[PDB]
Amino acid sequence: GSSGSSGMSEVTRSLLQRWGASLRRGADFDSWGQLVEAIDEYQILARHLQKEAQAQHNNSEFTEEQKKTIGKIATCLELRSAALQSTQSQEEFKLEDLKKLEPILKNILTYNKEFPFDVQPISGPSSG
């Protein structure tokens, strides 16, 4: 096999951490006034979300129901980061809507789908 045992090896737990640590921070910047740094954080974190969502060999240390969200959470990010970059606008993603992923990420394993937002899962085999 590859995964090993169903559930969570242990490294996956370290992720949700470093991950949740990103968003948490990515926000800290916003509040203060570090959009630049913020974006980076979000993006970087977003990119990672994909690296796990899209995966390299459709592996993904996480299940399908998990990666789904992961691949989604990113989407939101793409909005947040952009929201920052965006100048002539003011109807994109907000913080609350962003921090709304803070828990999700953590409650990824215990995520019965039904995202509070309209964000499609980046990459992944659909239909079938």
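Conventions adopted
- Residues numbered from 1 in each chain as written, not as in the entry; some residues may be left out.
- Heavy atoms only, no water.
- Helix = DSSP H or I, 4+ residues; strand = E, 2+ residues; numbered from the N terminus.
- Buried < 20%, exposed > 50% of the residue type's maximum accessible area, 1.4 Å probe, protein only.
- UniProt positions renumbered as here; feature names shortened; annotations may be inferred.
- Core = buried A, V, L, I, M, F, W, Y, C linked by side-chain atoms within 4.5 Å.
- Contact = heavy atoms within 4.5 Å.
- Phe/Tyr/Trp six-rings, centres within 6.5 Å; stacked < 30°, edge-to-face > 60°.

### Some remarks on unusual backbone geometry
Move 1: Positive phi, close to 45°, is recorded for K113, a residue that is not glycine.
Move 2: As for its placement among the helices and strands, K113 is situated in the segment after α5 (101-106).
Move 3: If you check the backbone angles, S123 has positive phi at about 65° while not being a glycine.
Move 4: Relative to the helices and strands, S123 is located in the segment after α5.
Move 5: Since its relative accessible area comes to 43%, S123 is described here as partly exposed.

### A word on the UniProt feature "coiled-coil region" in the protein chain
Move 1: Those residues carrying the UniProt feature "coiled-coil region" are residues 34-69 in this numbering.
Move 2: Secondary structure content for residues 34-69 is 69% helix and 0% strand, and the end C-alpha separation is 27 Å.

### Notes on the nonpolar core
Note that soluble globular proteins tend to have their nonpolar side chains buried in a common cluster.
Move 1: In terms of nonpolar packing, the biggest core is built from 29 residues, with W19, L49, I73, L101 and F115 touching the most fellow members.
Move 2: Listed by contribution, the elements that provide at least two residues to this core are α1 (11-32), α2 (35-53), α3 (64-85) and α5.
Move 3: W19 has contacts with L45, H48, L49, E52, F62, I70 and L105, leaving out every residue within four places of it along the chain.

### A closer look at the packing of aromatic side chains
Move 1: Enumeration over the complete set of coordinates arrives at 5 aromatic pairs.
Move 2: Centre to centre, the rings of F29 and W32 are 6.0 Å apart; their planes meet at 50°, and the pair counts as tilted. In this pair, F29 and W32 are both assigned in helix α1, 3 residues apart and thus about one turn of the helix distant.
Move 3: Each member of the aromatic cluster is reached from another via a ring pair, and the members are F93, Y111, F115 and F117.

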